[PDB]
Amino acid sequence: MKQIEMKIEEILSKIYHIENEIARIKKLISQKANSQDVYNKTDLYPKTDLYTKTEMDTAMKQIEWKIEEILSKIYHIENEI
Amino acid sequence: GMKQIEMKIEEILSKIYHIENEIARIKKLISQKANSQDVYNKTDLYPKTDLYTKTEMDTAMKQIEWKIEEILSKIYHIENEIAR
Amino acid sequence: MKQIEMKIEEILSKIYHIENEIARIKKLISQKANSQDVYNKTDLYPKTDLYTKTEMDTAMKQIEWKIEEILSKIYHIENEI
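Residues numbered from 1 in each chain as written, not as in the entry; some residues may be left out. Chains lettered and ligands numbered in written order. Heavy atoms only, no water. Residues with missing side-chain atoms left out of burial classes, pairs and counts.

Method of determination for the deposited model, per the PDB record: X-ray crystallography, at 1.9900 Å resolution.

Here it is, written out as C-alpha coordinates:
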(Lines give C-alpha, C1' and ligand atoms only; values in the text may rest on other atoms or scores of the structure.)
Protein backbone atom coordinates (compact mmCIF):
# COMPACT_ATOMS: atom_id res chain seq x y z
CA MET A 1 0.00 0.00 0.00
CA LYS A 2 2.76 2.53 0.93
CA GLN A 3 4.35 1.79 -2.46
CA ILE A 4 1.30 2.35 -4.53
CA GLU A 5 0.69 5.67 -2.77
CA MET A 6 4.31 6.69 -3.56
CA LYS A 7 4.04 5.63 -7.15
CA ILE A 8 0.87 7.71 -7.49
CA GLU A 9 2.83 10.79 -6.46
CA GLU A 10 5.66 9.97 -8.83
CA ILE A 11 3.21 9.63 -11.68
CA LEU A 12 1.59 12.95 -10.81
CA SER A 13 4.99 14.62 -10.94
CA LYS A 14 5.66 13.21 -14.35
CA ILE A 15 2.30 14.44 -15.43
CA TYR A 16 3.06 17.94 -14.19
CA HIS A 17 6.32 18.00 -16.11
CA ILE A 18 4.76 16.66 -19.28
CA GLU A 19 2.10 19.39 -19.11
CA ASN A 20 4.87 22.00 -18.83
CA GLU A 21 6.67 20.57 -21.84
CA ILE A 22 3.47 20.56 -23.82
CA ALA A 23 2.90 24.28 -23.14
CA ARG A 24 6.47 25.07 -24.22
CA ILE A 25 6.14 22.95 -27.37
CA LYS A 26 2.94 24.74 -28.32
CA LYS A 27 4.74 28.10 -28.00
CA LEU A 28 7.55 26.95 -30.28
CA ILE A 29 5.19 25.31 -32.73
CA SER A 30 3.41 28.63 -33.14
CA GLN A 31 6.65 30.26 -34.25
CA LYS A 32 7.10 27.69 -37.06
CA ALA A 33 5.94 28.14 -40.62
CA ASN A 34 2.98 26.09 -41.91
CA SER A 35 3.96 24.33 -45.07
CA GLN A 36 0.60 25.52 -46.46
CA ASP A 37 1.76 29.15 -46.14
CA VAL A 38 5.10 28.68 -47.95
CA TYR A 39 6.33 27.38 -51.25
CA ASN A 40 8.91 24.61 -51.24
CA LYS A 41 12.27 24.83 -53.04
CA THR A 42 10.57 22.93 -55.89
CA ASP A 43 7.83 25.61 -56.24
CA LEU A 44 10.37 28.39 -56.61
CA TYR A 45 13.39 29.68 -58.45
CA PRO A 46 16.36 31.05 -56.47
CA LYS A 47 17.75 34.60 -56.63
CA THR A 48 20.46 33.30 -58.98
CA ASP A 49 17.89 32.20 -61.64
CA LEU A 50 15.78 35.42 -61.72
CA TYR A 51 15.82 39.04 -62.70
CA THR A 52 14.45 41.53 -60.20
CA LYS A 53 12.31 44.51 -61.25
CA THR A 54 15.41 46.67 -61.86
CA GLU A 55 17.22 44.04 -63.84
CA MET A 56 14.07 43.82 -66.00
CA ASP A 57 13.74 47.58 -66.23
CA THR A 58 17.38 47.61 -67.39
CA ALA A 59 16.93 44.90 -69.99
CA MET A 60 13.85 46.65 -71.32
CA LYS A 61 15.63 50.03 -71.44
CA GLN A 62 18.38 48.40 -73.39
CA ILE A 63 15.77 47.88 -76.07
CA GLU A 64 14.33 51.36 -75.73
CA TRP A 65 17.78 52.88 -75.96
CA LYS A 66 18.37 51.33 -79.29
CA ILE A 67 14.96 52.43 -80.43
CA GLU A 68 15.97 56.01 -79.51
CA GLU A 69 19.25 55.64 -81.32
CA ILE A 70 17.38 54.61 -84.44
CA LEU A 71 14.79 57.41 -84.07
CA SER A 72 17.61 60.00 -84.09
CA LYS A 73 19.00 58.72 -87.34
CA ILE A 74 15.70 58.29 -89.16
CA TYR A 75 14.63 61.83 -88.87
CA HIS A 76 18.10 63.09 -89.82
CA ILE A 77 18.01 60.77 -92.84
CA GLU A 78 14.55 61.81 -93.99
CA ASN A 79 15.62 65.47 -93.60
CA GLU A 80 18.79 64.64 -95.64
CA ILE A 81 16.64 63.32 -98.56
CA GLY B 1 -7.63 4.09 2.04
CA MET B 2 -8.22 2.01 -1.07
CA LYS B 3 -11.07 4.30 -2.17
CA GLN B 4 -8.69 7.21 -1.82
CA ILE B 5 -5.97 5.72 -3.95
CA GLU B 6 -8.62 4.88 -6.51
CA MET B 7 -9.62 8.61 -6.49
CA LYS B 8 -6.11 9.85 -7.27
CA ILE B 9 -5.93 7.17 -10.00
CA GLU B 10 -9.00 8.70 -11.65
CA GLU B 11 -7.54 12.17 -11.48
CA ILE B 12 -4.36 10.95 -13.12
CA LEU B 13 -6.28 9.15 -15.85
CA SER B 14 -8.11 12.28 -16.83
CA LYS B 15 -4.87 14.18 -17.13
CA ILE B 16 -3.46 11.32 -19.11
CA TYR B 17 -6.36 11.23 -21.50
CA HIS B 18 -5.92 14.85 -22.22
CA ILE B 19 -2.14 14.66 -22.64
CA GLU B 20 -2.65 11.89 -25.16
CA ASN B 21 -5.06 14.05 -27.13
CA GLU B 22 -2.71 17.01 -27.09
CA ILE B 23 0.13 14.85 -28.24
CA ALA B 24 -1.91 13.62 -31.25
CA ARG B 25 -2.88 17.20 -32.15
CA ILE B 26 0.69 18.45 -31.84
CA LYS B 27 1.93 15.65 -34.11
CA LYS B 28 -0.69 16.60 -36.72
CA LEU B 29 0.39 20.26 -36.48
CA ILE B 30 4.08 19.38 -36.58
CA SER B 31 3.45 17.53 -39.85
CA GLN B 32 1.97 20.73 -41.38
CA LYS B 33 5.12 22.72 -40.57
CA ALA B 34 7.80 23.30 -43.07
CA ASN B 35 11.26 21.73 -42.66
CA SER B 36 13.90 24.41 -42.99
CA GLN B 37 15.71 21.91 -45.30
CA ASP B 38 12.80 22.07 -47.78
CA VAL B 39 12.59 25.87 -48.02
CA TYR B 40 14.64 28.83 -49.05
CA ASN B 41 15.27 31.55 -46.53
CA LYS B 42 14.40 35.18 -47.07
CA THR B 43 18.05 35.65 -48.16
CA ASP B 44 17.72 32.98 -50.91
CA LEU B 45 14.74 34.71 -52.48
CA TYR B 46 13.22 37.89 -53.81
CA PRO B 47 9.80 39.11 -52.64
CA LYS B 48 6.76 39.92 -54.76
CA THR B 49 7.71 43.59 -54.50
CA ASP B 50 11.11 43.01 -56.26
CA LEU B 51 9.83 40.92 -59.24
CA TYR B 52 7.66 41.18 -62.41
CA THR B 53 5.37 38.35 -63.31
CA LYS B 54 5.20 36.58 -66.71
CA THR B 55 2.11 38.54 -67.83
CA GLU B 56 3.55 41.89 -66.74
CA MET B 57 6.61 40.99 -68.85
CA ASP B 58 4.57 39.72 -71.79
CA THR B 59 2.69 43.00 -71.60
CA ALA B 60 5.80 45.15 -71.49
CA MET B 61 7.32 43.26 -74.37
CA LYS B 62 4.41 43.48 -76.76
CA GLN B 63 4.41 47.22 -76.10
CA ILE B 64 8.04 47.14 -77.22
CA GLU B 65 7.20 45.14 -80.34
CA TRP B 66 4.56 47.81 -81.24
CA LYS B 67 7.20 50.57 -81.36
CA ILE B 68 9.53 48.32 -83.29
CA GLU B 69 6.77 47.83 -85.88
CA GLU B 70 6.25 51.55 -86.12
CA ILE B 71 9.99 52.08 -86.79
CA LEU B 72 10.15 49.29 -89.33
CA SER B 73 7.51 51.12 -91.36
CA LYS B 74 9.56 54.35 -91.44
CA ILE B 75 12.59 52.44 -92.56
CA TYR B 76 10.75 50.55 -95.28
CA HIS B 77 9.56 53.91 -96.63
CA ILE B 78 12.97 55.53 -96.46
CA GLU B 79 14.43 52.62 -98.41
CA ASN B 80 11.79 52.94 -101.07
CA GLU B 81 12.23 56.80 -101.18
CA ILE B 82 15.99 56.68 -101.84
CA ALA B 83 15.27 53.91 -104.34
CA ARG B 84 13.90 56.48 -106.85
CA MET C 1 -4.82 -4.60 -4.41
CA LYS C 2 -3.29 -6.60 -7.32
CA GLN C 3 -5.65 -4.67 -9.63
CA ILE C 4 -4.60 -1.29 -8.44
CA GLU C 5 -0.92 -2.28 -8.77
CA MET C 6 -1.69 -3.51 -12.33
CA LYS C 7 -3.35 -0.23 -13.28
CA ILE C 8 -0.46 1.74 -11.87
CA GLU C 9 1.78 -0.19 -14.24
CA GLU C 10 -0.52 0.51 -17.16
CA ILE C 11 -0.34 4.23 -16.32
CA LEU C 12 3.44 4.05 -16.12
CA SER C 13 3.51 2.47 -19.55
CA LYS C 14 1.44 5.29 -20.99
CA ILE C 15 3.68 7.76 -19.30
CA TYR C 16 6.72 6.07 -20.79
CA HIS C 17 5.36 6.36 -24.22
CA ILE C 18 4.20 9.97 -23.84
CA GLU C 19 7.68 10.87 -22.70
CA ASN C 20 9.17 9.28 -25.80
CA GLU C 21 6.73 11.22 -28.02
CA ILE C 22 7.54 14.44 -26.28
CA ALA C 23 11.29 14.02 -26.92
CA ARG C 24 10.60 13.16 -30.57
CA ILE C 25 8.33 16.14 -31.04
CA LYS C 26 11.04 18.42 -29.67
CA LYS C 27 13.49 16.93 -32.22
CA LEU C 28 11.10 17.54 -35.13
CA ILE C 29 10.21 21.00 -33.90
CA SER C 30 13.89 21.87 -34.09
CA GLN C 31 13.98 20.92 -37.78
CA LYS C 32 11.10 23.26 -38.69
CA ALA C 33 11.45 26.63 -40.39
CA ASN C 34 10.74 29.73 -38.35
CA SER C 35 8.10 31.87 -40.00
CA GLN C 36 10.50 34.81 -39.33
CA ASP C 37 13.10 33.23 -41.64
CA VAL C 38 10.80 32.65 -44.62
CA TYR C 39 8.41 34.49 -46.94
CA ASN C 40 4.86 33.24 -47.12
CA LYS C 41 3.10 32.31 -50.36
CA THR C 42 1.60 35.82 -50.26
CA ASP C 43 5.08 37.45 -50.20
CA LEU C 44 6.17 35.55 -53.31
CA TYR C 45 5.35 34.41 -56.81
CA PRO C 46 5.59 30.72 -57.77
CA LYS C 47 7.70 29.21 -60.57
CA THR C 48 4.51 29.10 -62.67
CA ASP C 49 4.11 32.94 -62.53
CA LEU C 50 7.72 33.89 -63.43
CA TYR C 51 10.21 33.78 -66.29
CA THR C 52 13.74 32.72 -65.45
CA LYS C 53 16.77 34.53 -66.89
CA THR C 54 16.97 32.26 -69.95
CA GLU C 55 13.22 32.50 -70.62
CA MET C 56 13.70 36.29 -70.60
CA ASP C 57 16.85 36.18 -72.69
CA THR C 58 14.89 34.03 -75.15
CA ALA C 59 11.85 36.35 -75.30
CA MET C 60 14.13 39.36 -75.76
CA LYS C 61 16.08 37.87 -78.73
CA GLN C 62 13.03 38.14 -81.05
CA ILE C 63 12.91 41.87 -80.24
CA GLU C 64 16.66 42.30 -80.70
CA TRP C 65 16.20 40.75 -84.18
CA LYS C 66 13.97 43.46 -85.37
CA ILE C 67 16.27 46.07 -83.87
CA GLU C 68 19.22 44.59 -85.83
CA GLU C 69 17.14 44.54 -88.98
CA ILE C 70 16.61 48.32 -88.71
CA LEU C 71 20.01 49.40 -87.51
CA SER C 72 21.70 47.53 -90.35
CA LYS C 73 19.59 49.34 -92.92
CA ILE C 74 20.10 52.78 -91.48
CA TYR C 75 23.87 52.60 -91.80
CA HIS C 76 24.06 51.58 -95.38
CA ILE C 77 21.33 54.14 -96.17
CA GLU C 78 23.35 56.92 -94.53
CA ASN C 79 26.22 55.95 -96.84
CA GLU C 80 23.88 55.89 -99.76
CA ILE C 81 23.37 59.60 -98.99
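Would you mind going over the relation of the copies chain A and chain C in detail, with residue names and values included?
Between chain A and chain C, which share one sequence, the superposing operator has a rotation angle of 124 degrees and an axial displacement of 0.0 Å; the RMSD is 2.5 Å. Both copies of the chain, as the preceding transformation shows, are related through a three-fold rotation axis. Across chain A, the smallest distance between a C-alpha and the rotation axis is recorded for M1(A), namely 2.2 Å. (Least-squares fit on C-alpha atoms.)

Pulling in residues and values, what's your account of the packing of helix α2 (residues 54–83) of chain B against helix α2 (residues 53–80) of chain C?
Orientation of α2(B) relative to α2(C), taken along the N-to-C sense of each, is 20 degrees, at an axis distance of 10 Å. With respect to α2(C), the element α2(B) is oriented roughly parallel. The element α2(B) and its partner α2(C) pack so that their crossing is left-handed. Of the residues assigned to the contact of α2(B) with α2(C), the class counts are 17 nonpolar, one polar and six charged. (Axes fitted to C-alpha atoms, helices over the stretch in contact; angles between N-to-C directions. Helix = DSSP H or I, 4+ residues; strand = E, 2+ residues; numbered from the N terminus. Parallel < 35°, antiparallel > 145°, perpendicular 65-115°, else oblique. Left-handed = near helix turned anticlockwise from the far one by under 90°. Nonpolar A, V, L, I, M, F, W, Y, C, P; charged D, E, K, R; others polar.)

Summarise the interface of chain A and chain C; cite the residues concerned and give the values.
Each partner contributes residues to the interface: chain A has 41 residues there, and chain C has 42 residues. Taken together, the elements giving at least two residues each to the side of chain A that touches chain C come down to α1 (2–29) and α2 (53–80) of chain A. For the side of chain A that touches chain C, the residue count by class is 25 nonpolar, four polar and 12 charged. (Contact = heavy atoms within 4.5 Å.)

Pulling in residues and values, what's your account of the side chain of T53(B)?
One can find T53(B) in the loop between α1 (2–30) and α2. Those residues within four positions of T53(B) in sequence are excluded, and the remaining contacts are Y45(C), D49(C) and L50(C).

Please set out the interface of chain C and chain B residue by residue, giving values where relevant.
Interface size, as often reported, equals the accessible area lost upon joining of the parts. Tallying the contact residues gives 45 residues for chain C and 42 residues for chain B. Secondary-structure elements contributing two or more residues to the side of chain C that touches chain B are α1 (2–29) and α2 of chain C. Tallied by class, the residues present in the side of chain C that touches chain B amount to 26 nonpolar, six polar and 13 charged.

An account of the pattern of salt bridges is needed here, citing residue identities and associated values.
Once their charged atoms are close, side chains differing in charge can pair, the charge on each being opposite to the other. All names here are of chain B. A complete count under the given rule lists 15 salt bridges over all chains for this structure. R25 serves as the salt-bridge partner of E22, at 2.1 Å between the closest nitrogen and oxygen. Here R25 and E22 lie together in helix α1, a separation of three residues that amounts to about one turn. Here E22 falls in the buried class, since its relative accessible area comes to 10%. On the basis of relative accessible area, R25 is assigned to the partly exposed category, the value being 45%. (Salt bridge = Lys/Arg side-chain N within 4 Å of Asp/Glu carboxyl O. Buried < 20%, exposed > 50% of the residue type's maximum accessible area, 1.4 Å probe, protein only.)

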